[PDB]
Amino acid sequence: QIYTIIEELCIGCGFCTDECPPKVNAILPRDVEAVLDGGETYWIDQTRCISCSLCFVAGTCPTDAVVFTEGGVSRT
Amino acid sequence: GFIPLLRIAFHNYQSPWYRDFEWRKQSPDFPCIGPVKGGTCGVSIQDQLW
Amino acid sequence: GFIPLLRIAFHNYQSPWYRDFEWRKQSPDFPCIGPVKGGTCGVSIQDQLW
Amino acid sequence: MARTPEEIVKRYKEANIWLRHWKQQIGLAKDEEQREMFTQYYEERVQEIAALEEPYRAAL
Ligand code: SF4
Ligand code: SF4
Ligand code: SF4
């Protein structure tokens, strides 16, 4: 399975990167390229993402962007 | 003193500021979601109680 | 009173909290970067000034 | 089910967001299997947008 983040909907809140086990640090924060709005964005680094589907099943992500797929995507 | 209580009763899930953005409050006690749109601290129901 | 001036002098870009997460302060006056890690309001050098 | 002009516009915008999203993932794929899987989802969204382009112009 895969867990991607829609970078148009995401607002750089933190409520995701918050799940990700520190040791793995899969969710990131590309920051500041002239932004008030959203602040930053937080894409999942595939090169290192244990895929515990923490992020996605924790519910909290206002905009709804933590995708969650494997053979067909569904968020909410 | 009671206008925050009407905000709890109507806007626990969506206020009209949230609904223009498509936002959806995901729980009753979250602190914020900001710095987006200037900042959002204090929209949850727990905060309206305070 | 002057400990925040030392923090301005040393940690305008990275402090030990920041460096541990690999973060970097992108401007001198941002208010926060949101609710992650518990909350991050007030780390910038303009805030340390206040 | 005749999808209303608003539903056609909504679906065309959603498909473009996904397309946009999916394309980006190609850059981030860490292996060939993940890249192929993304590529399949991108191609499915290209076909959906192509099938929605004429209805979308009419709906607009
Ligand atoms: S799926 Fe697991 S490893 Fe991947 S970003 Fe989410 S919490 Fe981290
Ligand atoms: S919870 Fe949603 S909006 Fe917030 S950083 Fe994660 S993906 Fe982005
Ligand atoms: S300073 Fe404001 S936007 Fe930042 S975490 Fe605190 S309440 Fe949220």
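In the text below, chain A, chain B and the rest are named by the order of the sequence lines, each starting its count at 1.
- Below 4.5 Å, heavy atoms of chain B meet heavy atoms from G59(A), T60(A), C61(A), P62(A), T63(A), all part of residues 59-76 of chain A.
- When the candidates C13(A), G12(A), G38(A), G39(A) are compared by the number of heavy-atom contacts under 4.5 Å with chain B, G38(A) comes out ahead.
- Taking every heavy atom of both residues into account, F15(A) and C32(B) meet most closely at CE1-O, 2.9 Å.
- From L36(A), atom CG reaches atom NZ of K37(B) across 9.0 Å, with rounding to the nearest 0.5 Å.
- Within a 6.0 Å radius of CD1 in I3(B), no more than 12 heavy atoms belonging to other residues, nucleotides or ligands are found.
- The line from CH2 of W23(B) to CD1 of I11(A) is 5.0 Å long, rounded to the nearest 0.5 Å.
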